[PDB]
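No value in this document is a laboratory result; all are computed from the given coordinates. In this analysis, Cβ positions are derived from the backbone assuming ideal geometry, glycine residues included, and neighbour counts consider all displayed protein chains.
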Amino acid sequence: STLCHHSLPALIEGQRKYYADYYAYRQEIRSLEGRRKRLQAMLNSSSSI
Amino acid sequence: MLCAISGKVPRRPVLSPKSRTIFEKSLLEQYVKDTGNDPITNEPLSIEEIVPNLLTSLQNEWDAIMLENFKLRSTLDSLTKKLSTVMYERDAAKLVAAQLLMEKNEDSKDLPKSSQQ
Amino acid sequence: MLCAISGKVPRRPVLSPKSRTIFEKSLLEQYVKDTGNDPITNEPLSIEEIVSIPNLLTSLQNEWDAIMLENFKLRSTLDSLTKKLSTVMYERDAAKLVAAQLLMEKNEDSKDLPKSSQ
Amino acid sequence: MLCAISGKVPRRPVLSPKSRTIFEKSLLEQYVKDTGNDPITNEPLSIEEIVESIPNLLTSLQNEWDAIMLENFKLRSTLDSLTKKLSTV
Amino acid sequence: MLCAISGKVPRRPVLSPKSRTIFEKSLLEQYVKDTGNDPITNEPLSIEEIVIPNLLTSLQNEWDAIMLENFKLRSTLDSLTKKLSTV
Amino acid sequence: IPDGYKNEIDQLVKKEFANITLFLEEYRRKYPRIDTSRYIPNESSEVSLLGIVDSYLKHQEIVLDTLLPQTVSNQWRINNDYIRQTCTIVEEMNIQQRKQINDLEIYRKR
């Protein structure tokens, strides 16, 4: 019983699920190029002035 | 309830002790007298060689109970998993606003203090 | 050690050769007859492919109580997720519109500073 | 149609070659494991020798076990009585 | 609980999909590297190839045992009955 | 701010939201079906004989034959060992998930 409850909270109810959060962070890798690319073009116009 | 030679309903179901398959006494006897062999397996055979549900129902209904619990659990985890990716990404996207808000606020004070002078 | 269907401790465990997972024979034999495919991976799989007093009254009563109130409460859990899986997606799309509205706001404020110099 | 041990309809019947008699695989194996013999003829036989509403349903199974327990009891006290309905003779 | 090859408690159990039996990964891996086969059945196997109910079954044991109890009384009745017909 | 900016942004998100089997399920209402409460009580003076023999003797004989000890604790401790093999396997997966979870966060950090 104790072991079962612990496993349920610990393996099924948490660590496997956190992987989804990691995937969400992973979309992240793609928002950064978009973040920088906007900043890079915004910098280019500032240089002209 | 069928013989394995002619395909009739056996009135006198005899079986061969080489390959377990219920024949009828007349047909198997005619096959032996033709050639001493079993008709299905072609093994040696002679004439002398020839010779609770309530619990089962309780199993059958349980078999469905397990099948139902599986499909119910799959959608549980698979759907709730989309809940986790949303909640993480939502508060993540929420931080975009907090950063965007303060920057938009900085532009206004900067431009208004400059446009003033 | 457990079955990958019912959540049992199998009496006659059998493993499928397409997807290495141990199922109790009666439960896997049922699934093949229903639809001939592995339940987990959805890959083609066949049957050949596999490799008195308290007991009547108190214990049996509790087993059908535990099954009844569990699946009913489990059906209640599934409804709540569908109830507001919707509150998640709506609040998400609501945030998307804020970001899109702020994205036009910020760069435009930042571009007005660049124009101010002139 | 009927296994000559329990009285059930066999779900995996097996026949003994020493004596022509279709048993059930589970019951015949138990008898051989006790003593290597056939239950009818007492001939030397081995294992290799063999050739292969709902809430009311709860109370029904309760009554059926309740009935079989008495049906087994009544059949043994009668056996014992005949022993002295024979020993007295 | 045990590894069929060595007879130890395997610390990394991997079940084969040709002959269903629990082998220790480190042991079976060497067996495959020797020759691509399963040790028991000698069937071909590669490294990639390696990877309420209890209460109801109890009631079968109850009835299955009681059915034999009836035979002990049915068979003895057939002998005591004929130790009576001839008497 | 784990107390200001989240509360601020939540209000802005809030404002954009201001803009936009039969037997089993019935038993769930909270009542288990009654079983045979007969065998235990009975009565010597009272009614029915079968209850005495069609309820108590044969079951007691089956009980005394069932109630056992021949194997004793050996059969119990053998199953206790199996439970320990089952438990350790779960915690090994807890580790494997723990490593890969921290490993993904590690890549994000850079």
Projected onto the charge dipole of chain F (unit charges on the beta-carbon of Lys, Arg, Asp and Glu, signs +1, +1, -1, -1), the Cα from F:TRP76, F:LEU64, F:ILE34 with the largest positive-side position is that of F:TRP76
Between B:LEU72 and B:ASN42, Cβ-based FRET efficiency (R0 45 Å, step 0.05) works out to 0.30
Can you give the FRET efficiency for F:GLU26 and D:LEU75, using 1/(1 + (r/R0)^6), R0 = 41 Å, r = Cβ-Cβ distance, to the nearest 0.05? 0.50
Label zone at A:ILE49 (point 7 Å along Cα-to-Cβ), backbone N below 20 Å, region C:79-118: C:103-118
Rounded to a whole number, the mean other protein chain Cβ count within 10 angstrom for residues of F:101-107 is 4
Classify chain D as rounded, prolate or oblate, taking a ≥ b ≥ c as the square roots of the eigenvalues of its Cα gyration tensor: rounded when a/c is under 1.5, otherwise prolate if a/b is larger than b/c and oblate if not. oblate
Would you check chain B for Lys pairs whose C-alpha atoms are within less than 29 Å, ignoring same-chain pairs closer than 8 in sequence, and give me the count? 12
Give me the distance in nm between label points sitting 7 Å out from Cα along the Cα-to-Cβ direction at C:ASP93 and F:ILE89, one decimal. 4.4 nm
Semi-axes of the protein assembly as shown's equivalent ellipsoid from the Cα gyration tensor, sqrt of 5 times each eigenvalue, largest first, rounded to whole Å? 70, 32, 22
About its Cα centre, the protein assembly as shown carries a charge dipole, from +1 on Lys and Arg Cβ atoms and -1 on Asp and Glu Cβ atoms, whose size in debye to the nearest 20 is 1220 debye
Enter the angle in degrees (range 0 to 90, nearest 10) between the Cα long axis of helix A:16-48 and the first principal axis of the Cα atoms of chain A, meaning the one along which they spread out most. 10 degrees
Between the residues C:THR77, C:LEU2, C:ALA95, the Cα farthest towards the positive end of the dipole of chain C, that dipole coming from +1 and -1 charges on the beta-carbon of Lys, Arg, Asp and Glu, is from C:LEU2
Just how large is the dipole of region F:28-110 about the Cα centre, in debye to the nearest 20, putting +1 at every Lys and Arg Cβ and -1 at every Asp and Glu Cβ? 960 debye
So for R0 = 41 Å, FRET eff. of B:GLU29-D:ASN42 from the Cβ-Cβ r, to 0.05, ends up at 0.90
Return the long-range amide H neighbours of E:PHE23 (sequence gap of 5 or more, or a different chain), with a cut-off of under 5 Å between placed amide H atoms. E:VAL14, E:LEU15, E:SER16
Based solely on its DSSP helices, what 222 nm [θ] is calculated for chain D when runs of n ≥ 4 H residues each add -39,500 (n - 2.57) and the sum is averaged over all residues, nearest 500 deg cm²/dmol? -17000 deg cm²/dmol
Classify chain F from the C-alpha gyration tensor, please: rounded if a/c falls under 1.5, else prolate or oblate depending on whether a/b exceeds b/c. oblate
What is the dipole size for chain B, taken about its Cα centre, with +1 at each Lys and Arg Cβ and -1 at each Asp and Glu Cβ, in debye to the nearest 20? 280 debye
Note to self, chain F gives a 222 nm [θ] from helices alone (DSSP H runs n ≥ 4, -39500 (n - 2.57) apiece, / all residues, nearest 500) of -20000 deg cm²/dmol
Rounded, prolate or oblate: which fits region C:3-118, taking a ≥ b ≥ c as square roots of the Cα gyration tensor eigenvalues, rounded meaning a/c under 1.5, else prolate when a/b beats b/c? oblate
